[PDB]
Amino acid sequence: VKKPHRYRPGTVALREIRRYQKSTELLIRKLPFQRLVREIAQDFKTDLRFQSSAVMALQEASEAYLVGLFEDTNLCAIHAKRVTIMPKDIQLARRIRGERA
Amino acid sequence: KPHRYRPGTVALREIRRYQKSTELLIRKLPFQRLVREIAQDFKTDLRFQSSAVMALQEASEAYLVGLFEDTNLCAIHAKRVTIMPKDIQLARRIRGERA
Amino acid sequence: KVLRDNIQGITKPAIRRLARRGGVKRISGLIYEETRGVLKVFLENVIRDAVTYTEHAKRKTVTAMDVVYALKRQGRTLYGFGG
Amino acid sequence: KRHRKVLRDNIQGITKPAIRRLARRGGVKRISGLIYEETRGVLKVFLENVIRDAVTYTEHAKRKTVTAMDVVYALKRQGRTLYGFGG
Amino acid sequence: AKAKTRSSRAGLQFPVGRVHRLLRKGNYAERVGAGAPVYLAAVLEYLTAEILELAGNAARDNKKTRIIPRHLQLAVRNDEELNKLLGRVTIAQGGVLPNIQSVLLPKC
Amino acid sequence: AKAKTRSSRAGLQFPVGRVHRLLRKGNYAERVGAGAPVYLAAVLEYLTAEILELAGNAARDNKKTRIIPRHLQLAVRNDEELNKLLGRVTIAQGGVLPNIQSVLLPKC
Amino acid sequence: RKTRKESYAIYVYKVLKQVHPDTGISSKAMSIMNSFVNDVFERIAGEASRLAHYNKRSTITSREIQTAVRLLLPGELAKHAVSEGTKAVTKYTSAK
Amino acid sequence: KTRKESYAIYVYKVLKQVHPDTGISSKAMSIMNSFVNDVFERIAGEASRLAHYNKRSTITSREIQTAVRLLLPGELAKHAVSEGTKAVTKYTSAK
DNA sequence: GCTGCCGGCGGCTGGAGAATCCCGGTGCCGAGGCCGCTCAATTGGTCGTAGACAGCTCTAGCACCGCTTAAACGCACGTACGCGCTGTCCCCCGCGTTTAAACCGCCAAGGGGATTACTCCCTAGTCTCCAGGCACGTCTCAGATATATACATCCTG
DNA sequence: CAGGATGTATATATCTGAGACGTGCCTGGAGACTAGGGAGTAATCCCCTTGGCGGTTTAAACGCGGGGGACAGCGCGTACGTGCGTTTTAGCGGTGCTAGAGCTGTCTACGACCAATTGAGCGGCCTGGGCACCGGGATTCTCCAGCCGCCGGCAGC
């Protein structure tokens, strides 16, 4: 019987790359990120509250920063005659970016 | 018969020696003429202060020292010791002057 | 499986889709945890300034003004939330 | 021959030895015969950004002489502030 | 006698008195001139008009009669000079410009 | 009578009156509080003293009794807590630290 | 119910009616434009005041902002903006 | 004519009170002057910006303190706020 | 020789998920009229930054020759580049399914925010004193050599 | 596989010399002593919007299985960057030698300052109608996948 239909490895990845690049939706879920930000901000001020607008703005700024960092990481990865992004790649991209050292 | 250092011994000596120095890297009248030549394009009939020229030279020197640091790091990441144009291009792309 | 760290709320599919929006087609297996670390580092960096701004206001809330001001101070301005 | 001394072909004056020493300070072990032009290009680009701002400062000052104030001042504007010139 | 807004006599739809008050109370200088707010209003008007036209063109491209922040991001990032001006700016609900590295593409 | 300076009253070696005048004339606010120049002088004094003991330690290491910008860079770029504040600024006649990548080193 | 806030909504709408007369603008886009124009205004005014302090002057005239925009905006926007400012100030002075 | 202004003597006194047997060169001295001026301008701008955000027309020690907290990293910020606080209490004790 | 045979070669149509597009009505809410309030224009007078004019002088721009120093060419070579072979094994892509995101609704309430009287912390003016910049002025202690050796490097037996 | 000879560096004794460190001098800035006047501060109170609660409901994340292609080590052709020797070419430099315009002082004036009215621009506050959205469904759009004539060896004879 016919082998079940399968895309080749590395094509649906490009399809969803195209899908996400044209979409402005929030790639990170509301509740896990809000929980993370509260769990990481409780140390600065115990029992601190946030506004909904403030938390969505913070989340979207984090997404923009991380997506730019990832695009620079991919640029460095393709520069190093490879396609797989490696930990050394992300560290190098951060360290050129001037945020690490 | 003659004594020749290995291809990199004198290179390493230069790295370990010149890094400890702090004077200006490159001859002065070259930057003086170059700065006047570029400033001519923006506006003619200018008048430069010596301290301004020293500041420009030191700023450019530091900029390219940092740049060569970044390209050396990129090259050492690329599993190589030499440096190539794509290292400079990558370093300037991530830094953001050209983006 | 109900007691988990809130940093792990940033799940592998979510970071994968963030990278896909970035424009990378292949990701290695050791990217997720270190990206989580750098993401949390950026979070603490921005929230430190945000909470400092809030304490200046003598208020217990963190309105959008403090977070946009903190982001602008860090070097990443943001539009649409007041200004 | 009183004024108007137009100069050309001065970027080349940075010799290959010179870039070699600059990169040795940067900490490289080897080099290629291909950087010596793009490093000159990044040089020129850097200087046009600096002295463009410097001459705008000077023109705002209703004066022709470019003091070190203007160059360090535009340098601080570019986010690359310099210490040691009256800043 | 009869009064008239300074924006009408300045040829700009942007306010003049408002920018004058903003300069006054913004703690910039001890004093500001009379034509300084007019100049600032004019340059702000030009900037808004340019960015709005660039966003509306993308809106008509996406067959929308209303400007969405995604259109603003597309207009900002598409224009190279505008991208250089707003380089370190994060937009609200804008996403990123669609670009894929050609190396990652398949052979054919 | 009996005029005494604010720097002595605050036990500081930086001019509190001068800092207050600079704040007054710097177009920062319509009014300036009394303790703000004191706080500013104190923090500048701490920072200066901090980098100064780093520079003095570097000079004593380099067996010299005079402070030069080489010592200033050698002191600033060794401790990352000061680097995070002065990582963007460069100083005149500075140079860099003697760092060589391990791969560039010979086999043994 | 009180403390009427202040914003550039009507002005951006009026500009839109003269660039794309049959095009609407979303509320989020309106907030983005208001924030952007406020940020640009703040940057320009800060540059103007900073130069006024730099050349030891205590007044901000059209020249200061002209040099600021020539200093801030790169490319064609600089020349177009200075031309717009010049024509606006000449128009304002002509009929005072 | 036209007396100039510098932070020379103050850094001089600071180094003499922490290093009785160490001098400073003129160029490094101007480097210190630029350091002091740059940090002072940064703090003053941050304080003015904070006061404008909080609808405050005055700058007290509190805005300076918060700028110190948010601008310098960690240990420097905490040490600097400690010194600033003790100095301001000492000044307010006998004003 | 002159037949069989044997594997690749890529060219094509064909089976097959996904992406796209139009209708269709349903929501949702940018767009538009009203009121007054809050601020902006407007006369009416002031006074003080910033322009002009008259110089003064420190500083900016030049060429010149000994000279040496580093720049420049070319030279052999052993290395590091770039790449082919190969061989994991580690990411990928579906699949079932477990789970937590969200959205829904309704509260409870700590707190954000608009008014109030004032006070007291700051500002504005005069007079008074002095800390600090400047012009010198040194005597240094800071540099700068040529010298004598360690050293580690490239080989040899 | 262990030492020897060598271009590198290391101290280091005088020379030797620009410049940190005082030191008067004076002066504009700092500071002390009064009106005075609103900016912020508790006090007050009124929404409000943020935390918290618990059903659906459902897309989504997680563990797992198969496999395929990306990556990294090994080996090799090569080209070329480097150390080095031999020129040679421009920089260094102390020197007058020249003027250029920043710079300071002064007179002036005009443009912003601020005040007391006065009226409208617009922020709000509804409000009906116009635009974005969702679902079904038809339409393309690529993606991958095997069939087979053509092509090139592959063994005999």
# chains A, B, ... in the order shown; residues from 1 in each chain; ligands from 1
call {"tool": "residues_around", "arguments": {"residues": "range 20-25 of chain B", "least_positions_apart": "6", "cutoff": "10 Å", "atoms": "only C-alpha atoms (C1' of nucleotides)", "output": "PyMOL selection string"}}
result
(chain B and resi 54+57-58+61-62+65) or (chain D and resi 18-19+21-22+25) or (chain F and resi 69-70+73-74+92-99)
call {"tool": "write_last_selection", "arguments": {"atoms": "C-alpha atoms", "output": "compact mmCIF listing (two decimals), in the first residue's frame"}}
result
# COMPACT_ATOMS: atom_id res chain seq x y z
CA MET B 54 43.97 63.76 17.14
CA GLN B 57 42.43 59.59 14.56
CA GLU B 58 42.04 58.02 18.00
CA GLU B 61 41.79 53.68 15.58
CA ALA B 62 39.61 52.40 18.42
CA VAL B 65 40.55 47.80 16.77
CA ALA D 18 49.47 49.61 8.74
CA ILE D 19 46.36 47.40 8.63
CA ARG D 21 49.64 46.33 12.80
CA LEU D 22 46.07 47.48 13.46
CA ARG D 25 46.48 45.13 18.02
CA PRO F 69 45.40 56.60 30.31
CA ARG F 70 47.00 53.18 29.77
CA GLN F 73 42.04 51.37 30.50
CA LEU F 74 43.93 48.52 32.18
CA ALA F 92 42.25 58.90 24.57
CA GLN F 93 45.44 56.87 24.02
CA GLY F 94 43.67 53.89 25.55
CA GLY F 95 44.52 50.68 23.73
CA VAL F 96 43.31 47.20 24.64
CA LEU F 97 44.18 44.36 27.03
CA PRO F 98 46.66 41.63 26.03
CA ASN F 99 44.14 38.93 25.10
call {"tool": "residues_around", "arguments": {"residues": "residue 47 in chain D", "least_positions_apart": "2", "cutoff": "12 Å", "atoms": "only C-alpha atoms (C1' of nucleotides)", "output": "count of residues only"}}
result
37
call {"tool": "residues_around", "arguments": {"residues": "residue 35 in chain F", "least_positions_apart": "6", "cutoff": "8 Å", "atoms": "only C-alpha atoms (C1' of nucleotides)", "output": "ChimeraX atom specification"}}
result
/H:60-61,88,92
call {"tool": "select_by_dssp", "arguments": {"residues": "chain E", "states": "strand (DSSP E)", "output": "PyMOL selection string"}}
result
chain E and resi 31-32+66-67+89-90
call {"tool": "write_last_selection", "arguments": {"atoms": "C-alpha atoms", "output": "compact mmCIF listing (two decimals), in the first residue's frame"}}
result
# COMPACT_ATOMS: atom_id res chain seq x y z
CA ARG E 31 13.24 80.92 26.14
CA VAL E 32 12.15 79.85 22.66
CA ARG E 66 -7.91 51.40 7.23
CA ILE E 67 -4.29 51.76 8.34
CA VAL E 89 12.42 51.21 17.40
CA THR E 90 10.05 48.37 18.29
call {"tool": "interface_residues", "arguments": {"of": "chain J", "to": "chain F", "cutoff": "8 Å", "atoms": "only C-alpha atoms (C1' of nucleotides)", "output": "count of residues only"}}
result
3
call {"tool": "residues_around", "arguments": {"residues": "residue 94 in chain H", "least_positions_apart": "4", "cutoff": "9 Å", "atoms": "only C-alpha atoms (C1' of nucleotides)", "output": "list in words"}}
result
residues 9 and 10 of chain F; 90 of chain H
call {"tool": "closest_residue", "arguments": {"among": "C:27, C:62, C:51, C:46", "to": "chain I", "atoms": "only C-alpha atoms (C1' of nucleotides)"}}
result
C:27
call {"tool": "closest_atom_pairs", "arguments": {"of": "chain F", "to": "chain G", "cutoff": "12 Å", "atoms": "only C-alpha atoms", "output": "tab-separated table"}}
result
residue	atom	partner	partner_atom	distance
F:22	CA	G:53	CA	11.6
F:25	CA	G:53	CA	9.3
F:26	CA	G:53	CA	7.7
F:27	CA	G:49	CA	8.6
F:28	CA	G:49	CA	10.8
call {"tool": "interface_residues", "arguments": {"of": "chain I", "to": "chain D", "cutoff": "10 Å", "atoms": "only C-alpha atoms (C1' of nucleotides)", "output": "PyMOL selection string"}}
result
chain I and resi 60+70-72+80
call {"tool": "interface_residues", "arguments": {"of": "chain D", "to": "chain J", "cutoff": "9 Å", "atoms": "only C-alpha atoms (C1' of nucleotides)", "output": "list in words"}}
result
residues 30, 31, 32, 33, 63, 64 and 65 of chain D
call {"tool": "write_last_selection", "arguments": {"atoms": "N, CA, C and O atoms", "output": "mmCIF file, in the first residue's frame"}}
result
data_model
loop_
_atom_site.group_PDB
_atom_site.id
_atom_site.type_symbol
_atom_site.label_atom_id
_atom_site.label_comp_id
_atom_site.auth_asym_id
_atom_site.auth_seq_id
_atom_site.Cartn_x
_atom_site.Cartn_y
_atom_site.Cartn_z
ATOM 1 N N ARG D 30 46.586 35.807 11.407
ATOM 2 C CA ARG D 30 46.840 35.885 9.978
ATOM 3 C C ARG D 30 45.952 36.962 9.375
ATOM 4 O O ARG D 30 45.167 37.616 10.068
ATOM 5 N N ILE D 31 46.085 37.145 8.063
ATOM 6 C CA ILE D 31 45.376 38.177 7.323
ATOM 7 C C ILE D 31 45.121 37.659 5.912
ATOM 8 O O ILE D 31 45.591 36.589 5.524
ATOM 9 N N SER D 32 44.347 38.424 5.148
ATOM 10 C CA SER D 32 44.119 38.143 3.740
ATOM 11 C C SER D 32 44.435 39.387 2.924
ATOM 12 O O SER D 32 44.465 40.503 3.448
ATOM 13 N N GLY D 33 44.690 39.186 1.636
ATOM 14 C CA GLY D 33 44.928 40.309 0.754
ATOM 15 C C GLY D 33 43.638 40.943 0.277
ATOM 16 O O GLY D 33 43.596 41.546 -0.799
ATOM 17 N N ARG D 63 30.683 79.810 12.648
ATOM 18 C CA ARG D 63 32.134 79.872 12.592
ATOM 19 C C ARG D 63 32.636 78.816 11.619
ATOM 20 O O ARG D 63 31.925 77.870 11.274
ATOM 21 N N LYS D 64 33.876 78.999 11.171
ATOM 22 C CA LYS D 64 34.507 78.100 10.213
ATOM 23 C C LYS D 64 35.487 77.133 10.860
ATOM 24 O O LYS D 64 35.683 76.027 10.350
ATOM 25 N N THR D 65 36.112 77.523 11.967
ATOM 26 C CA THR D 65 37.088 76.657 12.613
ATOM 27 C C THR D 65 36.388 75.514 13.338
ATOM 28 O O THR D 65 35.466 75.736 14.128
#
